[PDB]
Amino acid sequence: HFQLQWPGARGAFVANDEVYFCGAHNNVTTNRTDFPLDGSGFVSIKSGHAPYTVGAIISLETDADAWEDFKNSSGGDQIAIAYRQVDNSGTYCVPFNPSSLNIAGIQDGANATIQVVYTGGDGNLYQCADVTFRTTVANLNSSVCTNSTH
């Protein structure tokens, strides 16, 4: 199972609820994290076990309340962070520049939900982060962005 370290999830981590859309926090929140478009951004998680496979899908709907909100015109998931295998437990952090995505609507002031998709042998697990993209972001502490060796 896993937790979002940054950007923060919609609500509290509940292990059993990770099998549901957005970890059962199905409605969008209004307390969004500002997320930079200048390439200083990242997504940081912590896993209790490894190996696991992780990626992220993205919705540019303000009201990202359903699976379909994360799908493109051709019915595929809008992949924000490509799936990869991770062989260490503890922290795992990937840089993320939304400017890299072939998606309409990525600009300053745009709202989005990043939904992390994880499988570690104990189900298909999900957590969601509601963000607002900003050209830049000031107080960003990149110190939580590390990969562990555990």
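Residues carry their position along the shown sequence, with the first being 1.
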query: 53-61 or 66-74, whichever carries the higher mean Cα B-factor; finding: 66-74
query: Greater mean Cα temperature factor according to the PDB record, 105-113 or 82-90; finding: 105-113
query: Residue with highest C-alpha B-factor in the PDB entry, from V14, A9, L140, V19; finding: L140
query: Chain-wide C-alpha B factor ranking for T132, given as lowest, middle or highest third; finding: middle
query: Modelled-residue ranking by C-alpha temperature factor, third containing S44; finding: lowest
query: Third of the chain, ranked by Cα B-factor, where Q3 sits; finding: lowest
query: Where the record places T119 (Cα B-factor, split into thirds across the chain); finding: lowest
